[PDB]
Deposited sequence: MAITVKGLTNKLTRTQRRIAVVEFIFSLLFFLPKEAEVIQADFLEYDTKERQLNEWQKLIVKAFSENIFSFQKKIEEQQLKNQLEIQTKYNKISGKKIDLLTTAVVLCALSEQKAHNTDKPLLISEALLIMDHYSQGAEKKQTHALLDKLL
């Protein structure tokens, strides 16, 4: 599997959880194990993202909540749950693996295309991730 496919697997997982939150951190981590299949071949790289997600979901969800709002501009001189799941994965991944900002954003937009969301305009906030 490609790193992109592995990212998609985390996104879909997170997505399925956002309908029924909150769950305890170790519960989500154990739910991720039951989520594994022949095709997913879930590895430690993905499990570390889900671990960061499980332990920081309250803060990530807050940071998101407030960045959207803080986007209230004049000049320059309703986020959905799939788009949220994509953004939380990027936050989770930068936390677990310290992936650089440019790679995370391109990848995120690539996943949005995969789900034919075409709401790419809500970048992975150039505001929410750190450029190293």
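Several segments of the deposited sequence have no coordinates for C-alpha: 1-11, 89-96, numbered from the first residue.
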